[PDB]
Structures are given as structure tokens and as C-alpha cells.
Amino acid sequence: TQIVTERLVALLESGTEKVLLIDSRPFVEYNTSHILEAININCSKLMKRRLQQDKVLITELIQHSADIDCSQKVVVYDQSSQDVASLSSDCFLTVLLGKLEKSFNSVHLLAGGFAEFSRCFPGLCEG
């Protein structure tokens, strides 16, 4: 589903849940700046081929970037996507979202993407 900015700060701040946070954006963007300890599965020619080719175990990929577990809350974000319906049918994010919902019961998109989180919580963004 979706999960809004304030929910994400709440989960991040507490220990309540172990949150797996993915930054789907291009490498440059991730590198400029990202949400603290987000994992860069970057929008890439290679990354996109390998996702949709199904040559990649998403859980191995997660490790190759950084504790995995399907109940684990997962939050993907791009720069500004509001919700799942407003994704172009064959965009990178979409490709990704599939393979992730193919491993986790809890996959939520960050409403407002990184533009909105970084606007509201500058201090919780590493760069």
C-alpha cells in the first residue's frame, strides 16, 4: 500500500519494527542524498535488466548493497511518486515493486517520495 512521511519517521525512530528501507532512485541521486541507512537499488539499465530478467534474488541484492525476513516492513521510495496507481506501467519502480512483493508480505511505497521526506526531515537524510 502506501505509508506517509510521518509513519516512516515513527518506525525509524522506535524499535517497534525492523524497517527495510529501499531507495529506488538513480545512483547519482542516492549519492547526493538519501534517507538515513536506505539501501540503494538504483534505477539503472543493468539493475532493471536483472530485476525483470529474474537473474537476481532480491534478498541477495539487498545484502550486496548494505537481516531479511518476509514479515519485515519494507519501504520503497523514488523522488516524488504519490502512490502505486500513479506509476507508469513499465517504469523501474514498478519492476522493482513486483520482485519485492514476491518476497515480502509488507511492501509499502513512501507517499511523496524523497522530495517530501527531505523537505520535512532534513536531519534524517545522509548525503
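Residue numbers here begin at 1 and follow the sequence given.
Undergrad: Would you class the number of unmodelled deposited residues between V84 and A85 as none, 1 to 3, 4 to 9, or 10 or more?
TA: Count of unmodelled residues in between: none.
Undergrad: As stated in the PDB record, which stretch has the larger average Cα B-factor, 102-110 or 5-13?
TA: Between 102-110 and 5-13, it is 102-110.
Undergrad: Quick check on the record: does 87-95 or 67-75 carry the larger mean Cα temperature factor?
TA: Higher mean C-alpha B-factor: 67-75.
Undergrad: In this PDB entry, which of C43, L57, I35, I39 has the top CA B-factor?
TA: Largest recorded C-alpha B-factor: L57.
Undergrad: Which third, lowest, middle or highest, does the CA B-factor of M47 fall in along this chain?
TA: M47: CA B-factor falls in the middle third of its chain.
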